[PDB]
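Scroll down for the structure; my scribbles are underneath it.
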Amino acid sequence: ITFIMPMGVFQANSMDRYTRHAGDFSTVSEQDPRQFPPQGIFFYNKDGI
Amino acid sequence: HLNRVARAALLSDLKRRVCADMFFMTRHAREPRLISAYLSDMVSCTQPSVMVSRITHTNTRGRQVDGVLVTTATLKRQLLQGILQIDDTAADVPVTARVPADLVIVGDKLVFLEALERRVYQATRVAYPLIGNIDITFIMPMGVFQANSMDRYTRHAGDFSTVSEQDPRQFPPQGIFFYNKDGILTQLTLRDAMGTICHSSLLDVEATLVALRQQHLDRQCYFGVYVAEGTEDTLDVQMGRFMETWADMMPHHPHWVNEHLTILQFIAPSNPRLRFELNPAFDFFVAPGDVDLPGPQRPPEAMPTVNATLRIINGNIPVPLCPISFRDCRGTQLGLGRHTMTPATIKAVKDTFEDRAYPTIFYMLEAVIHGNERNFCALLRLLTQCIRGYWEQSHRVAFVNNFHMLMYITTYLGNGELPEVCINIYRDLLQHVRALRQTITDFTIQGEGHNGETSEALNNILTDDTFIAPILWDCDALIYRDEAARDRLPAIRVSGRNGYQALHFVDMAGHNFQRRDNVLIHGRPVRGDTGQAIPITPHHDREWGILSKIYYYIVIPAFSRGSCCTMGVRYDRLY
Amino acid sequence: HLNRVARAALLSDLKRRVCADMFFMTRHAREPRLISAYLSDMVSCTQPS
Amino acid sequence: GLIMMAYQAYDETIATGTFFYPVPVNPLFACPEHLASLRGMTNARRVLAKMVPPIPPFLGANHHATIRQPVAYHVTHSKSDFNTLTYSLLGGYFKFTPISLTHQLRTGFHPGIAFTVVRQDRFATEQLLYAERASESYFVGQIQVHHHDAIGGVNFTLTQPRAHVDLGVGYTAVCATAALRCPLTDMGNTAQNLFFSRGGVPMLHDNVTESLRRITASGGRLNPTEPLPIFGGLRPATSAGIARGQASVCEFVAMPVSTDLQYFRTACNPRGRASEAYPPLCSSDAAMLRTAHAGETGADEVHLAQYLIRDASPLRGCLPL
Amino acid sequence: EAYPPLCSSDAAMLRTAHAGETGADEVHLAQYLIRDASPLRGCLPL
């Protein structure tokens with residue numbers, strides 16, 4: 001078996017830059033470090049780490 | 001013969017299997033399917049034996065059983081109530097017979113289920129086995145910090161919000177919480193740490209130096225681990241031969257420089273300094289072998305050994321181990337209700353430090369006055385005119401570089417001579433210095449003095465008289481330094497000869513710009529007689545050294561951001 | 001003769017056991033397993049004669 | 001000496017370095033641009049001092065000085081504020097002696113050192129065993145008597161010999177640890193003292209050592225006895241019944257505050273490198289621990305800096321709250 | 001056809017992707033969570 005596994009695509013449409021709630025991942029900085037395009041992807045190992 | 005990689009897969013499989021079902025009977029007690037799954041897997045994992053028999057144990061119908069399962073009556077009733085089913089009550093047993101004994105078919109095999117505790121091990125003095133117990137150890141992190149600003153993310157924005165203007169949530173953690181066996185709230189706090197870290201065993205570093213000295217130590221540069229003596233000069237040619245010595249004596253990049261490495265690059269296996277970090281109170285460095293500190297100006301060649309020194313500042317640990325965000329969060333934790341700078345004085349101070357057209361007349365006046373009260377007591381009008389003219393021409397404050405200048409301004413030129421904006425700036429700056437000293441005072445507990453040292457000196461560094469200011473105008477700080485300690489073995493070196501004489505009130509005839517002995521100009525006393533046989537008195541109180549050190553180590557470097565420089569003057573051309 | 005510390009463990013065990021099932025018939029009425037568990041524990045806790 | 005705040009080089013009204021010569025000795029006041037004021041200035045000194053601060057050897061080495069490279073790097077590379085930067089510099093400026101660290105901890109100040117505590121625990125075990133059918137051949141001998149004279153009468157000793165053979169092809173019988181029942185050992189909080197141990201080097205002042213032992217005596221459940229009985233094991237001071245069973249020690253291991261938190265969220269190593277202690281359910285805030293009963297099935301993982309670690313111990317579905 | 005597994009482009013969405021408050025986040029600002037489309041759906045516990 002082989003898997004496809006996306007890495008660095010970007011939410012190009014401004015309509016696609018929507019959240020679940022307004023501050024879900026908020027910080028103490030004036031600029032929220034969430035505006036940035038992704039650079040890394042996450043998944044689980046076979047033991048779940 | 002599954003070679004090495006499948007043996008490591010087997011390693012991880014045993015790891016997760018031991019972690020998986022060690023107490024499964026009380027773990028998945030509400031899920032009877034998993035209990036039957038584990039038990040049927042247990043029964044059908046043992047290879048059977050030789051099927052030798054003449055007459056065996058069968059049930060009432062005639063099917064032979066395949067073994068016996070032995071436990072205690074608690075687990076007997078626990079499996080019997082809802083997990084496994086009863087096959088029969090009586091059984092057939094040889095006599096070298098119908099006997100009431102329960103039996104359960106599990107999976108494909110039929111087994112006796114025994115809990116033999118009533119008939120034997122009851123009312124006798126032999127302890128029943130299978131109650132062996134365990135020895136488990138728990139790991140429990142205490143005071144780590146989310147170093148990355150990536151990691152300071154919430155679930156929802158104001159989850160744990162408050163009524164204060166600052167949410168008490170920026171701070172690094174200091175305590176951990178868990179549950180007792182009764183489910184009550186339990187607490188570990190860093191106050192519990194004296195049983196490990198506050199012992200004398202923290203300084204048992206000698207044997208590790210002896211063991212580490214037995215390794216292959218290579219020749220590295222002798223810049224940051226080597227101390228020289230003064231060569232009794234005018235301090236110009238000294239930085240001269242220091243310049244053409246330092247210009248080529250490094251054969252590579254010094255190891256204590258690269259603080260720009262992150263966490264992972266520092267703890268990477270390729271780091272040669274990773275093996276040189278043993279103790280949090282110690283820095284380990286390659287040192288000359290059998291060379292006394294301080295050694296001579298020309299470094300003697302020797303087989304390089306290893307030496308270690310104490311980390312007095314807790315920030316002396318590398319910033320890969322102590323992040324800038326953590327330190328800023330800690331400073332935010334300190335500065336909740338303390339004094340701060342209003343935007344007017346802070347923009348004036350940053351504008352007058354980031355001014356590059358700063359006149360040197362202020363430098364000339366600070367050099368000639370040289371922090372003497374007798375000099376400032378006769379120059380009220382000139383200083384008033386100079387400060388006013390520099391202020392209301394570019395809105396930049398002056399004479400704030402020198403610490404022996406601005407409290408003079410507040411005390412004498414503070415009745416309303418200067419414009420009111422400048423006096424409020426100076427008052428705010430002295431208020432911030434006093435607030436920093438108060439912050440030091442409130443975080444130490446008084447009343448305990450050991451070896452003649454006050455608790456202010458024992459806790460903090462800027463309140464210890466052993467540590468001195470970077471620039472001394474008066475010799476009072478040296479007097480407090482070699483008088484307050486009395487157990488710290490002192491050694492003062494002023495350009496060759498050891499010690500000072502502190503001869504003040506120098507005049508026209510004997511100014512002696514080319515003086516090479518240890519006469520140091522302490523300064524003319526104002527409310528007293530200079531004399532010659534009079535012993536040297538301090539100009540100010542013990543709090544003078546504290547306030548000066550606090551100023552030079554807080555206000556100047558944080559506002560200048562490591563851009564200002566310290567330098568010596570040339571009085572032989574300045575005067 | 002479990003000395004004092006295990007007697008205090010027994011103390012806390014009696015505390016949590018009295019707090020645990022005083023009115024268990026009407027407490028875990030919707031959970032038939034706990035009723036059978038308590039009844040089976042109770043019936044097999046006394047010695048016969 | 002003197003300090004000038006900003007370096008100028010294109011001010012041609014005054015000759016360069018005719019009043020001052022740069023003599024910088026502080027990591028904080030490192031001045032790579034001010035070095036042109038000294039005579040004999042070249043490109044080599046500037047390109048070599050742009051990375052390494054110029055400090056004279058006769059005025060203190062960087063390793064031998066109080067102010068070192070990391071505090072200078074912190075003050076030169078921090079961009080948050082000026083009040084916060086000054087208070088951060090103040091919080092850096094503290095001694096790291098045992099007296100000092102005692103002061104900051106009993107004050108409430110947080111030093112830049114992270115920790116773990118290790119806790120050895122014991123539990124009652126029920127064991128589950130299935131053996132086999134034809135696992136043992138069990139020979140019996142013949143009974144033999146022995147009459148032996150005694151104090152008042154005679155003693156009969158009855159002896160019967162016997163032998164067992166495991167006629168299994170391989171592993172026939174398997175036992176497995178099954179149940180927990182009552183935990184005999186306490187999951188509370190008792191700190192492990194090192195002041196019991198002797199053999200390390202003492203420090204110079206005995207009154208300071210006695211004061212440290214006195215401070216360590218306060219704030220704990222088990223402490224060394226006040227008469228300090230020599231020639232013995234130094235048993236801890238007694239009390240009445242510990243409220244729910246025998247307490248377990250908590251020994252501290254120090255780490256930097258910059259540590260991977262996700263490493264501890266699984267079964268990890270107490271040393272920090274495998275070559276396994278199971279962490280329990282835990283949180284560093286009172287809010288998240290009381291939240292951790294799965295309120296809205298609430299898995300509050302981390303809020304800002306305090307953290308919650310989900311349970312990696314084998315006691316996952318046990319010990320009700 | 002290669003079956004894509006459960007994957008997230010932020011550490012937050014993966015560590016909350018165990019259905020915390022039965023929490024199915026799809027995108028917060030620009031990073032994304034993709035639900036598992038492999039046949040190994042109800043297997044491989046976390």
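The chains in the structure tokens are called A, B, ... from first to last as shown; in each chain the residues are counted from 1, and the ligands are counted from 1 in the order shown.
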
Specify as an mmCIF file with N, CA, C and O atoms, in the first residue's frame all residues of chain D found within 10 Å of chain E, counting only C-alpha atoms.
```
data_model
loop_
_atom_site.group_PDB
_atom_site.id
_atom_site.type_symbol
_atom_site.label_atom_id
_atom_site.label_comp_id
_atom_site.auth_asym_id
_atom_site.auth_seq_id
_atom_site.Cartn_x
_atom_site.Cartn_y
_atom_site.Cartn_z
ATOM 1 N N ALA D 294 -12.429 15.227 32.071
ATOM 2 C CA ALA D 294 -13.160 15.210 30.800
ATOM 3 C C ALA D 294 -14.539 15.851 30.946
ATOM 4 O O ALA D 294 -15.562 15.179 30.814
ATOM 5 N N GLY D 295 -14.558 17.153 31.247
ATOM 6 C CA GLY D 295 -15.793 17.890 31.449
ATOM 7 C C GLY D 295 -16.687 17.921 30.227
ATOM 8 O O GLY D 295 -17.710 17.234 30.197
ATOM 9 N N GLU D 296 -16.299 18.666 29.197
ATOM 10 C CA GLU D 296 -16.946 18.567 27.889
ATOM 11 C C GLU D 296 -16.186 17.563 27.024
ATOM 12 O O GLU D 296 -15.876 17.812 25.857
ATOM 13 N N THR D 297 -15.931 16.400 27.628
ATOM 14 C CA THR D 297 -14.791 15.542 27.295
ATOM 15 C C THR D 297 -13.529 16.389 27.136
ATOM 16 O O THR D 297 -12.757 16.244 26.188
ATOM 17 N N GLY D 298 -13.317 17.279 28.104
ATOM 18 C CA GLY D 298 -12.388 18.375 27.930
ATOM 19 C C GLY D 298 -10.936 17.987 28.065
ATOM 20 O O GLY D 298 -10.448 17.722 29.167
ATOM 21 N N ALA D 299 -10.236 17.951 26.936
ATOM 22 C CA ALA D 299 -8.810 17.676 26.898
ATOM 23 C C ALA D 299 -8.057 18.984 26.712
ATOM 24 O O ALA D 299 -7.578 19.279 25.611
ATOM 25 N N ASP D 300 -7.955 19.765 27.784
ATOM 26 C CA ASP D 300 -7.165 20.985 27.765
ATOM 27 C C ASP D 300 -5.704 20.577 27.807
ATOM 28 O O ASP D 300 -5.209 20.107 28.835
ATOM 29 N N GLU D 301 -5.019 20.762 26.684
ATOM 30 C CA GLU D 301 -3.677 20.236 26.492
ATOM 31 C C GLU D 301 -2.598 21.197 26.970
ATOM 32 O O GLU D 301 -1.719 20.804 27.742
ATOM 33 N N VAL D 302 -2.646 22.451 26.524
ATOM 34 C CA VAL D 302 -1.789 23.521 27.030
ATOM 35 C C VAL D 302 -2.497 24.849 26.776
ATOM 36 O O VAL D 302 -3.125 25.033 25.728
#
```

For residue 234 in chain D, work out the shell of residues within 12 Å, counting only C-alpha atoms and skipping chain neighbours fewer than 3 positions away, then give it as a PDB file with C-alpha atoms, in the first residue's frame.
```
ATOM      1  CA  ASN D 193      16.033  14.599  51.645  1.00  0.00           C
ATOM      2  CA  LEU D 194      19.744  14.287  50.861  1.00  0.00           C
ATOM      3  CA  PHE D 195      20.738  15.477  54.355  1.00  0.00           C
ATOM      4  CA  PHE D 196      20.450  11.847  55.498  1.00  0.00           C
ATOM      5  CA  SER D 197      23.416  10.895  53.287  1.00  0.00           C
ATOM      6  CA  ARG D 198      27.006  11.311  54.460  1.00  0.00           C
ATOM      7  CA  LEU D 222      10.129  13.257  56.870  1.00  0.00           C
ATOM      8  CA  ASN D 223      13.207  15.033  58.223  1.00  0.00           C
ATOM      9  CA  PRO D 224      16.421  14.118  60.065  1.00  0.00           C
ATOM     10  CA  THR D 225      16.185  13.907  63.837  1.00  0.00           C
ATOM     11  CA  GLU D 226      17.223  16.925  65.887  1.00  0.00           C
ATOM     12  CA  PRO D 227      19.770  15.229  68.259  1.00  0.00           C
ATOM     13  CA  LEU D 228      21.531  13.704  65.174  1.00  0.00           C
ATOM     14  CA  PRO D 229      22.515  10.283  66.606  1.00  0.00           C
ATOM     15  CA  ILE D 230      26.010   9.410  65.421  1.00  0.00           C
ATOM     16  CA  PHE D 231      27.015   5.787  64.690  1.00  0.00           C
ATOM     17  CA  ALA D 237      11.689  11.484  63.050  1.00  0.00           C
ATOM     18  CA  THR D 238       8.520   9.644  64.009  1.00  0.00           C
TER      19      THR D 238
END
```

Identify which of the residues E:44, E:27, E:33, E:2 lies closest to residue 42 in chain A, counting only C-alpha atoms when measuring atom-to-atom distances. E:33

Would you kindly return, as a list in words, each protein, DNA or RNA residue with an atom no farther than 12 Å from any atom of residue 41 in chain E, considering only C-alpha atoms and excluding same-chain residues fewer than 6 positions away? residues 3, 4, 5, 6 and 35 of chain E

Provide as a count of residues only the residues of chain C at most 12 Å from chain B, counting only C-alpha atoms. 25

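Running DSSP on the backbone gives strand (DSSP E or B) for these residues within range 388-502 of chain B: residues 450, 453, 493 and 498 of chain B.
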
Output the selection as a PDB file, in the first residue's frame - C-alpha atoms for each residue.
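Result written to out.pdb:
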```pdb
ATOM      1  CA  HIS B 450      25.989  34.312  57.905  1.00  0.00           C
ATOM      2  CA  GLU B 453      27.211  38.958  55.039  1.00  0.00           C
ATOM      3  CA  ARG B 493      45.383  44.730  40.978  1.00  0.00           C
ATOM      4  CA  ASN B 498      48.863  45.533  44.041  1.00  0.00           C
TER       5      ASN B 498
END
```

At a cut-off of 10 Å, can you tabulate as a Markdown table every residue of chain A near chain D together with its closest atom pair and the distance in Å to one decimal, using only C-alpha atoms and ordering rows by chain then number?
```
| residue | atom | partner | partner_atom | distance |
| --- | --- | --- | --- | --- |
| A:25 | CA | D:303 | CA | 9.2 |
| A:26 | CA | D:304 | CA | 8.9 |
| A:27 | CA | D:304 | CA | 7.5 |
| A:28 | CA | D:304 | CA | 8.6 |
| A:29 | CA | D:80 | CA | 9.2 |
| A:48 | CA | D:266 | CA | 9.9 |
| A:49 | CA | D:266 | CA | 8.0 |
```

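Reported to one decimal place, the separation of CA of residue 568 in chain B from CA of residue 60 in chain D is 16.8 Å.
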